[PDB]
Amino acid sequence: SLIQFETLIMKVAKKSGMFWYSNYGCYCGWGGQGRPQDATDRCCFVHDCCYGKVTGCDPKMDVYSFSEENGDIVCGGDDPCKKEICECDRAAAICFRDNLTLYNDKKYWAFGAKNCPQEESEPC
Ligand SMILES: [Ca+2]
Numbered sequence: 004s005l006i007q008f009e010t011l012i013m014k015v016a017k018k019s020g021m022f023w024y025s026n027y028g029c030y031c032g033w034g035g036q037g038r039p040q041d042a043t044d045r046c047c048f049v050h051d052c053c054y055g056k057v058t059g060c061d062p063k064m065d066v067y068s069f070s071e072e073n074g075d076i077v078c079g080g081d082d083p084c085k086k087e088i089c090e091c092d093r094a095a096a097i098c099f100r101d102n103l104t105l106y107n108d109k110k111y112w113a114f115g116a117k118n119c120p121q122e123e124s125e126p127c
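So, in structure tokens, the structure goes:
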């Protein structure tokens, strides 16, 4: 569920998702339109696309299971649809971590919709 995604961003990237990734660029936040603006924004675009392709369960409310071992987040449980939500969230938390070199809140926080024209919307 979304609370577990916040948790994975805190564990993996050592940052709050609600503080640093809830209104950044065109896609980090609910929905999105336009071009991914930089690497962190493309991590958000891929996470949107990933949630968009989960069929069988609900990425917002279902609770998934995971363990930490061999130095990684390991998605588990007996339900394959809930394991795919977990995989979407794990991938995005790692992408954020790996792209901290480029993160630029000064330029991309609250970017604004004319900068994200609906005619430049990249398809998943
Ligand atoms: Ca989004």
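Numbering of the sequence shown is given in our numbering, commencing with residue 4 and proceeding in unit increments.
Just so it is clear, CB atoms sit at the ideal spot from N, CA and C, and this is done for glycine as well.
The C-beta of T43 has 16 or more other C-beta atoms within 10 Å across all chains shown, which makes the residue buried. With a cutoff of 9 Å on beta-carbon distance, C98 and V57 are scored as not near each other.
Taking all protein chains shown into account, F114 has 16 or more neighbouring C-beta atoms within 10 Å of its C-beta and is therefore buried. Per the CB criterion, closer than 5 Å to any heavy atom of ligand 1, the qualifying residues run in chain order as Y30, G35 and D51.
For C91, the secondary structure class from DSSP, reduced to helix, strand or coil, is helix. Per DSSP, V77 is one residue of the beta strand (DSSP E) stretching across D75 to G79. The beta-bridge partner set that DSSP reports for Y27 consists of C31 and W112.
Judged by DSSP secondary structure, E9 falls within the alpha helix (DSSP H) whose first and last residues are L5 to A16.
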